[PDB]
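Below, in C-alpha cells: the form deposited in one PDB entry, a single chain.
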C-alpha cells in the first residue's frame, strides 16, 4: 500500500508545520487497509482490522504545507490473532525535488468479526523470505506482549486542557466503531494545545510513546480527551493524554477509559530550530511522582 497527499494548510499549524496527528491518521489508514485486506485473504469469516497497538515513534524532520507526504505500509509479521505492520512516511518537496524521511512506525491490528461484534479471529500466515525476519518479528511480538503485563504559569493546571467530541459516522469504521487515526488525531490536538498553552510559542510533535487500544468506541459515544503536562527536559515537553468514552444512549453502559498515551512536544525558533522550554514546576505529591516517572520514560 501507498501514499499520496499534498499537505494542505488545514493539515498544519499557523506556522505551517504539519500536525503530528495529521501524520498519525494517515499512517493508520494505511495500516488499516493492508491489514483488513490480508485478514480476508484466506476467505474465512468477514472481519475488520482494528488498531490495537502503536509503537513508540519519533518525528525526524518537519513536514510543511505544500509538501507531499508519502506513506508506504508493509506487513512485517503475524501471530495467531495479531498483525504487525511497519510504515514509512517520507516528505517530498515537489518544487525543490528534496526528500526526507519523516517517520518510521510500527502498528498492531486485530481482526474483529463483522457479524459477531467483539469476536477476535485468526490471522493467516504470511510468506517471509528468511527465518531471521520471522524471529525478529517473534522477538518484537514478544517484547510488546510482555510490556503489556508490565492558576500559576508554568504549573500543570495552567496548561491542563480537555476536549470533547461526539463520534460521527465518518469518524467510524463501516461499523459503529472509531478509527485508530481519528483517536490519535484528537489526542495530538489536545496535547498540542497543552504544549502551546505552556510554551506560549509555536510547537510540534517530536515523539509519541507506545499506545494500546483497550476497548472500542461506538458511533454516538461522546468521548472526552483530557491532557496535562508531566515532565519537561530543557528543550522538550511530555504530555499525558487520557481518552474517556461515555455512551449517552445507554443508561446501563457506564463511562470507560478507551486509551492513554504520552506525547512529547517541541518549541521552535522563528528561524526553525528547537528552543529551550519554560520549566514545569510540579507541586502536589502526584505531580512530582509523574514528573519523576517522566524523567524515567524520557531516558528509555
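Residue numbers count along the first chain shown, from 1.
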> Count of coordinate-less deposited residues separating residue 150 and residue 151, as none, 1 to 3, 4 to 9, or 10 or more?
Replying inline: 10 or more
>> Going by the mean C-alpha B-factor recorded in the entry, which is higher: 51-59 or 244-252?
In response: 244-252
> So which stretch wins on mean C-alpha B-factor, 27-35 or 41-49?
Replying inline: 41-49
> Highest Cα B-factor in the deposition, which of 209, 132, 189, 84?
Replying inline: 132
> Which one of 229, 221, 105, 127 shows the biggest C-alpha B-factor in the PDB entry?
Replying inline: 127
>> Quick check on the deposited entry: does the C-alpha B-factor of residue 10 sit in the lowest, middle or highest third of its chain?
In response: middle
> Based on the entry's values, in what third of the chain does the Cα temperature factor of residue 111 lie: lowest, middle or highest?
Replying inline: middle
> C-alpha B factor of residue 257, ranked within the chain: lowest, middle or highest third?
Replying inline: lowest
>> Considering every modelled residue of the chain and its Cα B-factor in the PDB entry, is residue 203 in the lowest, middle or highest third?
In response: middle
> What third of its chain's C-alpha B-factors does residue 89 belong to: lowest, middle or highest?
Replying inline: lowest
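Heads up, the form deposited in another entry isn't pictured, but that's what we're talking about next.
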> Where do residue 144 and residue 294 end up in the other form, Cα atoms closer or farther than shown, with a change of 3 Å or more?
Replying inline: closer
> Relative to the form shown here, do the C-alpha atoms of residue 294 and residue 140 sit closer together or farther apart in the other form, given a change of 3 Å or more?
Replying inline: closer
